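Asks: My questions will all concern the structure given below.
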6 protein chains.
Amino acid sequence: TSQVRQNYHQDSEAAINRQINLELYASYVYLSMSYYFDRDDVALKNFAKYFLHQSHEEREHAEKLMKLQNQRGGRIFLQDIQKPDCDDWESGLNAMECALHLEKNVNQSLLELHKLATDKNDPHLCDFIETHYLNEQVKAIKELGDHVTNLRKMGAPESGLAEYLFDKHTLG
Amino acid sequence: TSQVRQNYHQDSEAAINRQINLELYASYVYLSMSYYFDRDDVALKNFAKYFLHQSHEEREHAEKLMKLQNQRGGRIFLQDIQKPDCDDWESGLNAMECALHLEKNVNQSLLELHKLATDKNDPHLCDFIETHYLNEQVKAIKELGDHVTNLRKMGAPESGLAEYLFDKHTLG
Amino acid sequence: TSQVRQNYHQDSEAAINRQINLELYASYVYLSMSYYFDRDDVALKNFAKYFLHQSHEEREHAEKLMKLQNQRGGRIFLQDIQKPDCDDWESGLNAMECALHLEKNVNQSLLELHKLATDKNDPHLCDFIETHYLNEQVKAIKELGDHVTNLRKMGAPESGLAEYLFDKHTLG
Amino acid sequence: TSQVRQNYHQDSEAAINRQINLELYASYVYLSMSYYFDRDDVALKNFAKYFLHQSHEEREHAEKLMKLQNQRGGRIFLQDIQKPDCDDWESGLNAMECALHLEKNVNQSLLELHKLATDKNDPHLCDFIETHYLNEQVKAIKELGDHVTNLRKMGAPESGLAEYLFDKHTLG
Amino acid sequence: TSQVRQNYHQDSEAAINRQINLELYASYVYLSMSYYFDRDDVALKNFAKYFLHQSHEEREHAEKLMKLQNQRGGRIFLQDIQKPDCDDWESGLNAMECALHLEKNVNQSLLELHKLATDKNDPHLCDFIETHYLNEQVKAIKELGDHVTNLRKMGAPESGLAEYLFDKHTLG
Amino acid sequence: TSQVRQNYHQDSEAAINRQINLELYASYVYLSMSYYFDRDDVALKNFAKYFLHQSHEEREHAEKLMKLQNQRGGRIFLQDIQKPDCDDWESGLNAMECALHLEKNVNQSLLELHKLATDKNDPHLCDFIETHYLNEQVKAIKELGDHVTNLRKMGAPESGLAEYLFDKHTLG
């Protein structure tokens with residue numbers, strides 16, 4: 001047992017590890033979408049840049065858990081980062097919906113991590129999920145609900161005139 | 001009776017109080033309009049910005065009438081601010097049409113206020129409504145018919161391609 | 001139902017929708033207080049500036065809850081804004097008292113709102129109350145208790161020499 | 001009872017005062033260590049400058065609480081500060097080992113203060129500990145574990161060459 | 001015996017160790033006074049900001065002595081820090097008075113340290129007390145006599161109008 | 001058979017995807033080593049900062065190949081990122097020893113990739129390896145050889161005085 005471990009339950013330690021893997025998987029998925037729009041037969045230069053900057057952030061979310069995992073006294077345990085379910089994301093409106101489905105499945109995991117943190121009476125881990133993740137996940141899910149709504153109203157995905165202009169005026 | 005009241009009729013004091021309620025109601029409408037556009041299923045951000053800035057300018061109008069009330073010996077009497085007629089504003093072309101319809105019934109309230117101030121031989125109250133409100137109300141009514149007409153010609157509301165671009169290039 | 005709604009209980013959506021009302025009713029009272037001290041037979045301009053800024057913050061309080069709703073996927077349902085039951089505020093000591101009695105009632109509402117939030121396992125809505133409202137309320141109450149204790153200790157309300165001196169050195 | 005006290009349970013009041021005395025004690029301990037390393041037969045410069053800083057920091061934690069008590073409506077009652085359990089701290093490794101044992105005891109105390117804050121339905125006191133203490137303890141406890149780990153790996157306290165080189169290159 | 005100790009007598013060594021304890025006891029008193037005026041039922045802001053600084057100073061006085069003790073080749077022995085004689089300081093005139101009697105009792109001690117350093121033919125230990133404490137204490141006792149004289153002539157403690165106006169114009 | 005594909009043999013496209021995985025497998029190893037030397041019982045920061053930056057570079061090596069696959073009509077096929085064979089890397093000498101064994105194995109992969117690129121008459125791919133990778137790999141291998149040599153020559157891993165001194169002057 002580490003000399004700095006204090007009020008750090010063993011079930012809370014394994015949950016952080018599985019959260020580390022989930023955010024890494026999210027970093028892979030956003031990278032997968034990023035370079036689908038980089039293709040010549042799609043070529044939405046700003047969807048590639050949006051989904052790339054979001055693949056930079058999830059890689060940054062997982063480094064902050066390993067930081068905390070080392071602070072509280074646990075030991076990080078890495079697993080395989082699975083491959084994304086899709087290699088072709090069809091269109092932009094389809095990708096923006098699977099990301100909203102992705103951050104809704106990550107928010108539920110942060111929302112299952114927190115209830116365990118309260119049951120284990122771990123007040124420091126609570127306010128860590130509280131401050132750095134839940135307040136951002138709500139904004140991001142509100143962000144991807146935004147774009148999907150506009151894309152749908154603009155006549156997506158059947159009218160490519162919508163994808164090009166939205167790419168310039170929203171993600172530009 | 002206030003020691004500074006001079007050429008200030010009791011019917012004029014009552015009328016300004018009605019105007020203060022109508023200015024306050026006007027802002028409360030713009031508010032309900034703004035955060036309908038902020039919804040994740042309407043998703044227009046510059047329509048939220050436009051109707052929030054206009055919500056700021058209607059309080060500043062109501063505050064400049066209370067500043068005028070204390071100046072001339074009158075006393076402010078506050079009534080409730082009724083809730084707006086609607087919570088859902090349908091679409092962008094509809095909201096711009098209800099605001100033109102709104103600043104047209106406040107312009108009457110000023111034109112019926114100025115008719116009173118002239119029938120009371122009240123030159124200063126006349127000139128204050130003239131300099132800080134009528135010149136602005138016509139400028140605002142001229143603006144909303146401008147926005148209303150372009151949405152009409154673009155194809156609004158049935159072509160969501162319109163509202164998106166109008167939000168970007170006119171209200172941006 | 002909204003796409004971006006997740007772990008957002010309908011009781012919590014209703015509870016925020018009443019807290020939006022209360023925060024706006026707080027900006028109304030401070031408004032009336034502000035322009036009471038601008039009255040010529042009151043003639044304390046720093047007391048007016050103090051309540052005029054606090055009436056512009058309780059407005060910034062209500063705007064964020066409206067932002068928070070659309071974030072969580074709720075829906076705003078605005079109701080009427082009750083008038084302040086007072087239109088003459090006696091003096092400066094009685095105005096600071098009613099605001100101290102007011103900000104405690106806003107605190108007591110935010111506490112009951114957080115009690116409900118702790119129930120329906122919504123630890124996001126929890127912190128949002130915690131971070132931006134709870135500690136700021138405790139400061140607002142302490143600051144008011146500082147001004148009420150002062151005014152009493154010097155000669156309020158039976159000595160206007162006190163009210164004048166407090167207006168120029170404290171809120172100046 | 002105070003004009004500002006609200007939802008403040010009397011057990012929370014006395015517990016804040018006990019936490020006040022512990023934070024002042026941690027300041028009297030870190031000071032006793034500092035001027036032990038200033039001694040001519042010890043003569044480790046940055047060892048004194050780092051414990052002096054940590055005796056300045058724990059002091060500021062105490063005000064924050066004394067500032068909090070007045071904020072909520074309790075009364076600051078204070079008792080004596082006990083002398084440190086040691087007048088001669090052996091070595092730098094033994095000092096960092098006594099300091100690591102100190103912070104975990106303070107963390108322990110805050111962790112039981114949170115358990116009592118939640119037990120009394122006191123949300124504002126809950127996060128005041130969460131925001132300002134529960135994270136800075138873990139950041140401090142993890143750090144002291146690094147100082148103990150690196151000193152030990154260098155051959156302390158048997159090799160004075162270690163405590164020298166570690167004073168210049170880590171705490172310099 | 002230390003390799004740097006020279007002409008440092010054992011009586012004067014233990015005397016400084018008491019003088020170290022006596023100046024810490026002063027810091028804990030100004031600390032108690034400061035956050036008594038921060039209370040919501042007193043609320044004299046710069047009374048707290050003044051007494052807080054005087055605590056910040058007497059703490060520095062103690063460190064300089066713990067600096068001297070190591071310089072002269074003594075060994076710092078610490079004792080408990082007594083709690084102040086009160087926890088409610090009634091008024092500013094009564095708090096300023098308990099400071100004038102506190103600061104004179106501190107001079108009395110230094111006055112009996114200088115004779116104790118003169119009798120032992122320790123020409124350094126005398127000039128140290130001479131340069132750094134004997135003059136500044138005289139400066140502090142004369143100022144304290146000015147605040148008491150002004151507060152009494154104003155009408156303290158009976159006229160709260162006094163301690164308010166004194167707070168703003170003297171310590172402000 | 002994308003409109004931009006030209007002189008891109010099908011085996012060359014497949015071998016790039018194989019390299020994409022290996023480059024991301026390389027990044028995922030240095031991230032494991034990084035947050036090993038941040039553990040409280042290792043406490044070598046510059047070691048954790050060194051492996052983090054090189055993890056971020058093996059990242060950048062991977063996106064460039066994903067860029068290359070799209071600019072020549074190839075298509076990206078992602079596979080799982082394997083977990084590193086180690087979760088605890090013994091010491092600092094061992095981690096740099098495994099990293100030297102890692103880059104030699106990635107270098108060996110690029111050399112075979114260049115040999116295939118020669119067999120298929122693909123003079124563009126033959127240089128993307130030479131310019132942006134082949135000279136990068138030797139500098140990496142040559143640098144890690146300098147670190148392994150120095151660590152061994154001081155007394156690593158049986159001397160902890162070594163790894164600490166190497167962490168502060170080399171990678172610092």
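Don't overthink the numbers, they just go from 1 along the chain as shown.
Here the Cβ of each residue, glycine as well, is placed from N, Cα and C on the backbone.
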Asks: If Swiss-Prot gives A:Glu58, A:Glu103 as binding Fe cation 2, which of A:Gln6, A:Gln10, A:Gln19, A:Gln137 does it give for that site as well?
Replies: A:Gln137
Asks: Out of A:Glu23, A:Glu97, which one does Swiss-Prot list together with A:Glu58, A:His61 for Fe cation 1?
Replies: A:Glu23
Asks: At the level of the C-alpha atoms, what whole-angstrom distance separates A:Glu58 (Fe cation 1 binding site) and A:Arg18 (site 'Essential for association with cargo receptor NCOA4')?
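Replies: A Cα-Cα distance of 14 Å.
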Asks: Which residues does A:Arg18 (site 'Essential for association with cargo receptor NCOA4') neighbour through Cβ under 8 Å, counting only same-chain ones at least six apart?
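Replies: Non-local contacts for A:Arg18 (site 'Essential for association with cargo receptor NCOA4'): none found.
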Asks: Once near-sequence residues are set aside, which residues in the chain of A:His61 (Fe cation 1 binding site), 6 or more away, have Cβ atoms under 8 Å from its Cβ?
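Replies: Long-range Cβ contacts: A:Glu23, A:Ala26, A:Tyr133.
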Asks: How many neighbouring Cβ atoms, not counting its own, are there within 10 Å of the Cβ of A:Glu103 (Fe cation 2 binding site)?
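Replies: A:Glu103 (Fe cation 2 binding site): 24 neighbouring Cβ atoms within 10 Å.
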Asks: Validating a neighbour-count step here. Other CB atoms within 10 A of the CB of A:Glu23 (Fe cation 1 binding site): how many?
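Replies: That number is 23.
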